[PDB]
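> below you'll find the sequence and an experimental structure to go with it.
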Amino acid sequence: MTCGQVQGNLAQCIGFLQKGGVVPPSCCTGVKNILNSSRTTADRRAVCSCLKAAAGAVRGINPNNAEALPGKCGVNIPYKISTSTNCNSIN
């Protein structure tokens, strides 16, 4: 996990997240990557600690797409795309 790994999640989805054109298999893949292909504890707790500013970089974004983001790839995660979903008690 880096704060660039999360970028390959949200940066792809931004082109729908911010301007809802369409959800590419790229956005999905990056999302599912940070969520499932994270694998490690550091890739879970720290990854969320990057998601905060990545979903905080939202300039002209759409919050409705933030919850759609995980749904469109098929990753119903326990924690959410919330900027304050608490990233340490996720385990």
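Yes, it's here. Numbering: from 1, shown residues only.

> all contacts plus neighbour counts: C-alpha atoms, from now on.
OK.

> from residue 10, how far out is the closest residue to residue 22 other than its chain neighbours?
What sits nearest to residue 22 in space, not counting adjacent residues and going by Cα to Cα, 6 or more residues apart in numbering, is residue 16, at 5.7 Å. Per Cα to Cα, to the nearest Å, residue 16 is found 10 Å from residue 10.

> quick one: stretch 3-20 to chain centroid distance?
7 Å (Cα atoms, centre = their mean, to the nearest Å).

> so for that stretch, what gets flagged as buried?
Neighbour counts over stretch 3-20 (16 or more other Cα atoms under 10 Å) mark 5-18 as buried.

> just the ones of these in helices?
With DSSP state H as the criterion, helices contain 7, 8, 9, 10, 11, 12, 13, 14, 15, 16, 17 from among those.

> turn these into a markdown table, columns for distance to residue 51.
Listed next are those as a markdown table, based on distance: Cα to Cα, whole Å:
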| residue | distance to residue 51 |
| --- | --- |
| 7 | 8 |
| 8 | 11 |
| 9 | 9 |
| 10 | 8 |
| 11 | 11 |
| 12 | 13 |
| 13 | 13 |
| 14 | 13 |
| 15 | 16 |
| 16 | 17 |
| 17 | 14 |
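
> and of these, the nearest to residue 83?
Taking Cα to Cα as the measure, residue 83 lies nearest residue 10 of these, at 12.6 Å.

> still on that earlier bit, what about the residue nearest to residue 22, distance to residue 65?
7 Å.

> please apply the same query to residue 85.
The value you get for residue 85 to residue 65, if Cα to Cα is used, is 16 Å.
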